[PDB]
Structures are given as structure tokens and as C-alpha cells.
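Scroll down for the structure; my scribbles are underneath it.
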Ligand SMILES: [Mg+2]
Ligand SMILES: [Zn+2]
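In PDB author numbering, the protein residues as written are 1 to 403, 410 to 472, 476 to 513, 531 to 804, 1087 to 1259, 1264 to 1559, 1575 to 1730, 1737 to 1762, 1774 to 1800, 1803 to 1824.
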């Protein structure tokens, strides 16, 4: 064992770089002889090489002397106060930039993430401490997952660490210089293989230490449970229980929780729901219509009468005088950076704008841009007039007397110098100044005297902070028109735009809009994105109105003025043929329109809840039985009068619709009311306030634990007995529920489980009664190591009864937004998630072994839908139920006690025992978790206590804080037993619900003479009854009710509570929000419309099109008509056009029909759009494509096309492809058509080049653990620091498109306007626009040579058309290459809007195939990018080739879940197009 020393010493002597830092450690190692010292020196040298490579690679100076940061400052003469203990590994000072380069090496995922979090937090803290120095700090962290470096080659380093390991184990077995813990740590660190190599058996590495608590818990689980009874000895207990329950219920001690339906009583209870303020029951429609148009200033302004303009004054409002041009130019100039703008380079701008205004004024007498005595400045300001005159005279007098000259001369000199500077700086980058239509004529020879001799007259524009004297007439606009929607759209656009203004008559900001004639000004006095006061002003009469709205909630109505009208119009057409509703048809329209406008004008949470609570009422109205505590659950607190008006409107509508004397069509009215109820999705999803929601969520979390009487406050890591005995005591108490055989009788809605029913369930599962036929068949060295960079310290060594030795599991609490209420959310670390995943997937597999669940399986959902459809068809009884408080009422103790009593059959009995031990240990771990209290809530509670302690309601949580606040304690952590991890433990609860419902159905079947089917996914259940029970319902109304009450009691006995929103009935069935009726179908139109409306994000404009396309494709399959989708697409295109972005024929197709969504796919619509653009030329290519596909189907060439033509020039090759056959070639003025691509060199900027397939491959490949360690966690940390909304996203998108957002040939940035200017320079190319607007250009052939720097952006059309067409024809049938034609022969019928028809589309792939094809076809790229990391594949090769060579959009030809079944209007299919495959 000594020759190894010699050879490795020689190898390291010959393979070490000559560094003045490395030679020291090299000689210190080479001089040593003792093996232990060799170990130390080798480890030190390896660490040195790694850290020096890291320090030199990132361009920094290495800290060899190990000096602290304040030392580094003091040596450089930088004086700083005292600081904490910090040592930088790499430090650099460059100007005012400071660089720190701490680094380390880790192999385990959990260790890597923990070290990253630790040093990141430490360095952020130190950055905060050093911010006072007035010097910037930027940390840099490098964490590598391997020992490879630069100063040493790989093989010598590997053999070095290997021989080091061998000598390590030798010396450990010889001298035992190390103890067990450090020795094991060093082995696991330098092993580089023990990071992650095992699975479930990893728990076998540690020790047990399970001394006493485990035995007590396991015994308490087994105390009084009997799980050996036979099938004969459970029926008797069931019968006895039923007998005593029925007797005690009939006597009058058991209450009963169900009533029979009564429509009149239900309506009468709904009408008198808020009878304390609305002191009436009836309301005339006319008075409501009258007082609706005068409620709020917004509504008054919406329906007022403002017809300013006699017909010629408004004509000038489309002239675009010089003032606006000067304003835009000055804004664009100020967007750059010029020096010394403080009170010098700003007054000049106002002077120029004022001169331009005077010039525009005294030539044709226009009155724009003014407001009383004020004008709009460069930065959307509202500067006055006189103060500017004073500043101007002061400045000119000072500058003149600083020095014969003349005032006008000084003014024109200053103006010309500044203008020359500006125009030079502008010409510098990419743009001339002649494209702004500005002229240097407003600078008259005499201007100062003109400034000093101006005057205006008007009013003062004011703002009032709260009688209302409106300057106009209140209401004169009919509801049937579409004017209020346009006014709302314009006002909302102004309100959203009001957020763009940046920070620095006090100061006033103004935005401008105009409806039809004159223009109005929205005035505000504060920046930022927050609630603030707004006013509306006009030049004739100022201060029209003022209000207190919030900006970020007014998005869904921007350009969607023609979309909502069609929505209401098509929703009305449903209830149109009711023979007893014609006399009341305008009232319905008025009410619907008023509700929509009102909910779009004042968005609030209370209106959302009130509108959401209607579906439960409409479901109960058409059923047989319902919970007794239903009506009381439909009431909530309302505050403002707008909400009361909304409630009155809803009441009037629901009384008009579901009155008496109507018996024609119940399904249509049901669908109508449901769609009305689903309008709550139009408001928003985000929160109005943040602190109150946190307080509410914490209150909901803390409430149900203060009556069970078990809350731990700040538990210690070393658990004391005072907590363990209490845990055991409460665990015993949890299993002490009585019922039906006691003195006090049963008690409802209390957490707990009874021993009798647990025993019954376990015994019935063990002996076998719940399986179908198809189921039974299946010490200085320590500090030395601490100096190292790869010696980890964050691995567990032994577990216990309360988690690993590091500490009990910890979680953080936070809310998640949702329509209506807000959901709770628990967040854990990575090791915790890795630990929980074992239980999760074990229980998921165990449940998959059985049948009936519908959580993640996708086969059972179709069976459920089929059974529901059949049951509804046969008019049987259906029970739709949801459970209440499912999360905070379950318990891991219940799952453990259930698992500890099941007996399996020949399932690796010894491994079965070992797995049971593992699972029991993990569940015992979960039972002892801890949850963190947020910081804002405790801070606010402390502030409130201090405030209202020295100077009533006393919410119980506030009482808890006040109690544990005054004795010297501050709550930080809270632990208990009653709370199951919301969303963490999910599949186990699904399994438990499955077995529980199966046992309950078995018992109910054993009592009566019928059977039941059930379906459930962890919180929702649908039960289907047979014919016997359905007959029993209407023959003996007493046995039915008793059976239902017994089902309720049984479910309560097993810790499952039925919510008051469940329903038993025969008319409708619902599961997972999917309603079904016998002779119709129920689409949710408003839901999909509202979902599609506000669903945009700030990204590249070619992915929003994909997202909207997928959304519309998903929505069409449910019943939405097509023209609505066309209008939605038009709205999206207009939203894009507003941002000044050129529209190309590869975004959307707003001319589709039914067939384009059923049969075709994404590429078919693009092909159809291109065919619509340029006909008379696509047929010639289509004939050649037909012939080529017919030839290639038999596999004739497959190679001449693959390389010779595809991988060459485009134009000439095309011609050859025509002479390869006997078809006529394309004309010379056919290859002239071309479009414009901005991403021809690199994609656009947001905040070499290779195909996108390479991008996604290197993304999905270099991310496992080692090739994707740093980047993913870095980007996650970066994204965690961002919080945004939809409006802010649209604003950011509008901002980025117009700054640079463009890259040049080599490396540079430009502007879009510059590109369009250079394009418009050459007067030989012709643009062309279509109706909806799609720009495409015609360019000649000769003009290309001579200026090849701007023509490198264009791209021909026929080439891409052929690529996409051939690709999609390969992907689909061969009919695509036919010739389409509309059907113009069928006559016109009279259709009803409610008539549907089903359809099926006209009908694996892996990641290795594309790699192998790219290898065997394109070896060049493969050997440099993929190497460092029969009939079916024959066409896959062609697919990937077409994808690589034609990169416009054909990527989607391979990136593509897709629905199958379609339900469409039968009146639409008979007007589609036909494609013939001949
Ligand atoms: Mg349900
Ligand atoms: Zn004018």
C-alpha cells in the first residue's frame, strides 16, 4: 500500500499548474510522509484547487489571507463601524462595485438547497448592513455537484480521491483517529455516490431510538378494537342499532335534519331574506329602472345626455395639430437620458409646447389641450400659466445680467442649441426627425414678447372630497342600444392607463379621452397603484363628478363592447317561445342588461358571494328533499346601497321567471337561472386587501382547536413529558364518542370516532365482504474539516418517535385566491416533501389496486358519466353530496389506527411487516408537526393591543392574543393533533373515504332490500339508487326518511359530516360541477366567456395566440356558438393593435366555422387563412403537393427531398420541384409575396441560433439534478420576489414593445419605428392590408441586391405554405390536399337555438426517436450538442426535417392533452365547408 503513494505523488507533481499560490501547498504535501498528514494535505490541496478555480473563473480576487470584510475595507482606507462575523472567499472592488464570491460543493439535493438558502439569506442580511456605506453589493454563489475543476485533469483527481478513500478506511481500521459520526460523514461526502442511490430502504441507514412513546400509542390504537368478527355477527349489531335508533327518533328525542320540498314556501323564504331595510315585498319595474340611472356618479355619467358639438366643432378633433406632434416628440426625447434637467431642461419644453399651442391657435382657432387656465405638459402634468412666466423672466434676466443682447436672441439661441443636441442624439441611434411631421416654424423671430402678451379665460378644474347637482340631464339613453358599454370601455381604458405615470396647485396629473364629440379629462393627484380619488373635468363646465375607485380591477371591459351584447342577446333567445311569457319580454332584457352593467361598474367581493349563492337555491327548488339549515346559509352581510339594489334586481328577475302559471319548459328556465348565477366569474380573482385576508385565514385555522382543548404554544425541540402525556391523553379522548345507546343521545358535528363502527368496518374488510368477483383473484481535525468546501453537516443520523434528530417537521401557512372564498395552503421544505411522497404514492397504488375512485384515474370518470346519464334517463333517485370542513377535521391518528387493523393475504409478509413499520413511523412523524404563524398578523395584533390597551366585541382570537400577551409570551409556533395537512395528505384520505362509503352502502343494503352505487373523489360524492328504493320513495314516505336519517347518523359516526348543500332528487344530477338532464344538456356559457376575457400575460406575442386558441378550442366543445369566439379573437387582435405591433398572418384566424374546430387542428386554420389571403396560386402548388404525396406514400424517393431540396435555397429549388413532374411552374410574380419576421436573428428581449426543438430538448434534458442544479433554483429565487396582476401585466407589455425589443445581425438593439422607416425608404415594395387587418408585402426580385441589410428580415410565403401543408397532411388524413368549397345549395330552415348533436373527430411517440433521427440524419449538430449530453419512424424523420427547415410555426407539428367528444348546434353543421379527397 505504498506504491500507490509514489505513483500518485508523481502524477500530482507532473500535472499541477505553476501558480505562486499553489506551489506552497504542493511542496507542503510533497514533503509530508505520514499517511494522516498526507490525508490532511491532500484534502487541503483539493479544496484549494477548487476554490481558486472558482475565484479565477468568475473574474474575482481570491481571499488567500482569509481576511474579514471590514478588514478589507480598512486596508483600502474604507472606514466602517463594527460588524458581525463574516469572511469572504473572494472579494473585488472596481470603482463603486463590490464583488463577493462565496462558493461550496455539495452532492445531495436537500443539502445543496439548505446551504443555498443559508448563505443567500446571510449575504442578503450583510447587503442590508452594508447599504449604509453608499457602496453597492452583489453576491455571487457557485455550487457544483462534482469534483471536476480546471487546474487538475479528471483521471488523476478521481484516482487521488479513490486512494485517499482507501487510506482513510485503512487508517480508520488501524488507528481509529476519528469517531463514528465524523468518519461516516466524511465517507458519505467523498463517496460522491451516497448522495441519492436508494429508495424506500434509505430509512434502513439510521437508528431506531423508539423507546416508550411508540408503544403507548400503538397500544392505545389496539385497546378496545375487535377485528375478528365474522359476517354473521355484524348483521345482528346493525339490526339492533337500527331498531333503537328508529325507536328513539319516533319518540321525539332524535331531531332529524331533512324536510320535504315546497316551492311556495321556498320562494316566500327567499323573498323575505333581508327584511330589515328593504321594507317591501313587491317592486314595480318602472321605479327600479328610473332609480337605477341615478344611484352612483359613474352610473349618472354613463346615462347622462352630453351632445356637445354642432357637427363641425367635432370635425376638427381628427386633425392632429402641431401641439400633439411636439408633445410626442418631446416625450420620446425625454425618454432618453440627458444631463442637467433640474429646473433648466424642463422649462424649455413647456415653452416650446406653449409656442406650438399659440401657433396652432392663431391660424384656425382650435381649442384643445387646454383646461381653464392650464395646459398639458410633457410628462402628463397640469402646469399653470403665470408661474411659468415668472420663472421664464427670472431665468432670462439672470442669464443676461450674468454677462447689448436681445431677449428674443437669447431665447432662440437656447432653443436652437437644445434642439440641435436632441436631434443629434436622436439621429445617433436609428431614426431621423422628419417622420414626426414637426416644423421649425413655431419659433417666430419674436417670441418672448408673444409669451408675455398672452391671456385666456375659463374656469378652475377642481377636485372635491365629498347634495349632488349634476351639470347635465340625468337619463335619456335607452337601454336597448349599446352606448353605455362604449362609454364604460373608454373610461376603463383611461383608468387602467392612469397607472403608467412615474414618480418625481401643488401637482396634478391628467389623462384624456373622448366619446363622440368633445373630450373629457380624468384628473388625479397621486401616483402608484393604489386606491385614490379621481375627478372628471371638461373645458365648458368643470368638475362633472368625482369618485374613489381602484385602478387594477377595471380590465374585463376594455374593447369587449360588441361581445357582451351578443352574450345577452343569445342568452335571451333561450326563453323566447314560452307561450305564457311574451307579454313580459322587454322587462327580462332590461333586468339582464342592468345586472350586467351594474356588476361591471362596481366590482366587489360581496356581490360575488351573493351571485354565487344562487345555484344552491335553484338546485334545491327542483328537488324532493333538502337540509333544514339551508336558507340561513344563503344570507351574508351587505353594506352599501348598490348591493341592495342588486339584490332587488335579482329578486324581481327570479320572481318573474319562476312564478306560477308556467308549465311549458322547465329545463330552459333552469339553464337560464344557472347561467345567470354563473355571472360571478366576471368580476376578478385577486384580493381587494391583503392583511384582512391573512387575518381571516388564520382565524379559520385557529377556530376549531379552541374547543377541543389542545393547542401547544412554542414547543421545544427536545419534547418534554408535559407535552407527550397530553398528546396521549387527547389521542385517547379522540376515540370516546357515544351515540344512540346512552343517556344524552348522539351529538352532531363533533370530531371523533366510535369504537363500535371502527370494529365493524375492520372486521367486514378482513373477513371479506367488500369485493366484487374480479377482486378476490388478486479534535483539531474537526476544525480542519470545517475549513473544507465539500464536508457536509446536514444529514440525519438517527430518527426517534417525533421525527428525525434534526427537528420535527415544520410548515408555513398561506392563503390561495379563489372565486368566493379563499383556500388554505401549507408549505414545507424539500426533505419533508421527499418524505411525504412515499406515503402518498404507496397509498395511491393501494387505492389503484381497488376500483371506484375518481381523483387521478381517468378511466372511472367516463364510467361515472355513463352511469349518471343512464340513471337520469330512467328517472331514478340520485343523491348529490359534498362534505363540510373535510380538511381541518381529519387526523393522521385516524389513518394510523385504520392501517394498524387490516390484514392482507400473502403480500411479502416479512416485507409487509417492515413496510408497516416504516409507514407507522412516518405517520407518527406527521402527527407531531409544527405550523408557523405569519408575521404581519402578530405585528398588527401587538399594535392593536398597545393602542386599545391604554385608551367590547373582543374576537376570541384577539382574546387569545391578549391572554398570551400580557404574561410575557409572543406566539410563534402552534401544534395540535386535530389538523390534517390541507392538501398534503390527499390520496390516503381518498382511500379512507372509498372504504368508508363502501361499508356504509353495504350496511344500508343489509337493512333494506335494495342496493346502491357510489362514486367519490376525496371531497364530493354521488350516489345512485336502484329501482326498489325509487319505488319505495312514493309508496311509504316514512321508511325513506328514516333510512336517510340513519345514513346521516352513520356517516356522522365515522367522522364524515354532510354539508347543508346536499340534495336528493330525480330531476338533475351533478358531480364535479357537471350537470345532467334527461332531454337536454347544460352548458356554462358565461363561465367560459369570462374565463377567456381576462386571460392575457406579458410574454412574446406568438404564445398568447396559442393560449387563446387552446382556450377557445376547449370552450367550443361544450356548446358555445362560433361567432362569439370570432368576436373574442377580434378583441384580442385589437388589444394587440393598440400596442403598436405589426400583425402577421400567423397569429389568429377570425373567420372559422364548425368543421375547422372538430376535424382540423391548429395548422389547418393557418392554412385556411393563407388560402383566403392569396387565391389563384395555392391550387397550382396543391396539385404538385397531391402528386408528391401520392408518390412519397409508396416510399419512392424519401431522400432526394430530404437533403437536395429541403436543405438548400428556397426559390430555385421550388422551380425544380415543378420540373421534377409535369405541372406548370409558379409565375414570376408569385414568388414576390412575402411577410415580415422580426425574430430573424434572435428572439425579442423582454427585461449561435438553433431550432426550438434543440431549445426544448436541452431544457428538458439538462435539468435532472446535475446539469440543472443552479439555474432552476436561481430563477425560482428571482421569481419569488415578484408579485403582479393582469392590468400591470398589460401595462408592462405595452411598455416593453417600443423601447428596444429587437436585436440586429451581429449583436445590437434597435427600434421598431426605425425598421419600418428603413422599409418605407425604398419606394419599390408594396404593403397590403386585409379587412380585419393582416399586413403582407410584395417585393421585387432585382431590388434585393444593393441593400441586403434590411431585406434579411423578409420571408417568402409559398415555401412556408408548402411546409405547413405537407406537415399537417402527414399528421392527418390525405383529404387535406383536396380542394375546399362552401355548400351553397341547401335551403333555409327555421332553427330553434336549443338543439344539439354529438360528434367524434376523424382520427406511441417518444423522446428517443427524435434523438436517433437527428443523429442518423444531421450528424454535425448531433456530435456537438447531443453527444456532450420502420414505417412509423420513416415519417417522423420527415416531420422533424420539415420542423427544422421551416421554423415559422410548424413547431406545433410536434409539441402537441386533446379532447375527443364534441357537442355542437345542429343548425351550424349544415352551413360548413366540404373538402373532397379525389
Ligand atoms: Mg357535489
Ligand atoms: Zn387645431
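Built from N, CA and C at the ideal position, the CB exists for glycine as well.
| Item | Value |
| --- | --- |
| Please give the ranges of any alpha helix (DSSP H) in the region 1593-1637, keeping only runs that are unbroken, at least 4 residues long and fully inside the region. | 1597-1607 and 1613-1623 |
| Does any heavy atom of ligand 2 sit closer than 8 Å to the C-beta of residue 443? | no |
| Considering only heavy atoms of ligand 2 and the C-beta of each residue, which residues fall inside 7 Å, strictly closer? | 316, 319, 321, 360, 364, 366 and 368 |
| Going residue by residue through the region 1188-1250, where are the continuous beta strand (DSSP E) segments of at least 3 residues, counting only ones entirely within it? | 1238-1240 |
| Put residue 105 into one of helix, strand or coil per three-state DSSP. | strand |
| Would DSSP call residue 1104 helix, strand or coil? | coil |
| Taking all protein chains shown into account, do 16 or more other C-beta atoms lie within 10 angstroms of the C-beta of residue 446, making it buried, or fewer, making it exposed? | exposed |
| Rounded to the nearest angstrom, what separates residue 126 and residue 1597 at their Cα positions? | 22 Å |
| Measure from the alpha carbon of residue 1363 to the alpha carbon of each residue in 494, 472, 775 and 376, then state which is nearest. | 775 |
| Between which two residues does the beta strand (DSSP E) holding residue 1285 run? | 1285-1287 |
| Would you check if there are 3 or more beta carbon pairs closer than 8 Å linking the region 1473-1493 to the region 1536-1543? | yes |
| If you draw a straight line from the C-alpha of residue 148 to the C-alpha of residue 189, how long is it? | 15 Å |
| So within the region 1154-1187, which uninterrupted alpha helix (DSSP H) runs reach at least 4 residues, ignoring any that extend past its ends? | 1168-1181 |
| Taking the straight line between their C-alpha atoms, what separation do you get for residue 233 and residue 205? | 46 Å |
| Express the C-alpha separation of residue 579 and residue 1376 in angstroms, rounding to a whole number. | 39 Å |
| Opposite residue 561 in the DSSP bridges: which residues? | 549 and 572 |
| By Cβ distance, which residues of its chain are closer than 7 Å to residue 1353, with the 5 residues on each side in sequence left out? | 258 |
| Only counting the same chain, and skipping five residues up and downstream in sequence, which positions put a Cβ closer than 8 Å to that of residue 1242? | 720, 724, 1121 and 1122 |
| Report the option in 1255, 1308, 1159 and 1518 whose CA atom is closest to the CA atom of residue 791. | 1308 |
| Use the C-beta contact count for residue 1310: other C-beta atoms within 10 angstroms, 16 or more gives buried, fewer gives exposed. | buried |
| With three or more C-beta pairs closer than 8 Å as the rule, is the region 372-387 touching the region 483-497? | no |
| What are the boundary residues of the beta strand (DSSP E) that includes residue 1121? | 1118-1124 |
| Can you give the beta carbon distance from residue 732 to residue 1268, rounded, assuming they're within the 8 Å contact cut? | 7 Å |
| Do residue 1228 and residue 1210 count as a contact pair if the criterion is CB distance below 9 Å? | no |
| Are the region 1222-1237 and the region 1199-1206 touching, with three or more C-beta to C-beta distances below 8 Å? | yes |
| Cβ of residue 1332 within 8 Å of any heavy atom in ligand 1? | yes |
| For residue 645, does the count of other Cβ atoms within 10 angstroms reach 16, so buried, or fall short, so exposed? | buried |
| DSSP state of residue 76, grouped into three classes? | coil |
| With respect to the beta strand (DSSP E) encompassing residue 1326, which residues constitute its N-terminal and C-terminal limits? | 1324-1328 |
| Under the three-state reduction of DSSP, which class applies to residue 331: helix, strand or coil? | helix |
| Just to check, is the beta-carbon of residue 1382 closer than 8 Å to a non-hydrogen atom of ligand 1? | yes |
| Grab the span of the beta strand (DSSP E) containing residue 647 for me, first residue to last. | Run containing residue 647: none; DSSP gives neither H nor E here. |
| According to DSSP, residue 1335 sits in a beta bridge with which residue or residues? | 1187 and 1326 |
| Taking only three categories from DSSP, how would you classify residue 1698? | helix |
| Considering only residues of the same chain and omitting the five flanking positions on each side of residue 1680, which have a CB-CB separation below 8 Å? | 1548, 1549, 1550, 1552 and 1642 |
| For residue 537, write down the residues that DSSP places opposite it in a beta bridge. | 548 |
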